[PDB]
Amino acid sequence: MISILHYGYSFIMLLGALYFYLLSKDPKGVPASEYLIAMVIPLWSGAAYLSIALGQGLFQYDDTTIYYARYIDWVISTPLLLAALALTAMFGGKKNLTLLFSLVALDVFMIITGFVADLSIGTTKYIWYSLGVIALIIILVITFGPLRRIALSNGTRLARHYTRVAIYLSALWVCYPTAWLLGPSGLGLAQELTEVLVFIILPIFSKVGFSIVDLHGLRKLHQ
């Protein structure tokens, strides 16, 4: 079942990528850069999840299955999602690449701490987990603080859209570390199959859902 679920996921990623490509052909004032980002996210995730479906992107460690392909996915997909969110805030105004790369750095660090934590045992695991959570809190502070102020500097209509997609992504963000801690990688309260379904369903909303909402909102700003 775990294999079939990942095959299905990869197919939905492919469909998502194709949809964003078709949208890119009639861009409606959205720069090609934002369509490229929207396409890379699902395609990369799709490839990583295909490796799990083929039984390659996981191994046995500490007597538990480590789905290391998820970290290979996130280390690329999650910084790109933040870039998408940051460019949305900056839409119709001057770019702040310093702030954007601040978010990219925090996010990449976050995913790494996750991988190291999953390879770790006892107190050491939760030291790395904790550092990852601290990174996430700082990302959230930026998202609803200085990055939202950039959105507001670009007018009521843009700011309204940014706030919507900021809440969408932020809601999904907090789910991942919550599921991680509850699941076999952490306290082990949640069954392996339960975790697998969570990390199949969440990513469909993040890797495809977010960009549908994001791109449509920006396209609607077009006359």
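Don't overthink the numbering: it's just position in the shown sequence, from 1.
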Inset, instruction - Determine if residue 62 is unmodelled in a third or more of the other PDB entries compared for this protein. - result: yes
Legend entry - Mean C-alpha B-factor comparison - 68-76 and 121-129, higher one: 121-129
Inset, instruction - Between 186-194 and 58-66, name whichever shows the higher mean Cα B factor according to the PDB entry. - result: 58-66
Legend entry - Relative C-alpha B-factor of residue 28, binned into the chain's lowest, middle or highest third: highest
Legend entry - Assigned third (lowest, middle, highest) for the C-alpha B factor of residue 167: middle
Inset, instruction - Pull the Cα B-factor of residue 140 out of the PDB entry and bin it into the chain's lowest, middle or highest third. - result: highest
Legend entry - Where the record places residue 50 (Cα B-factor, split into thirds across the chain): lowest
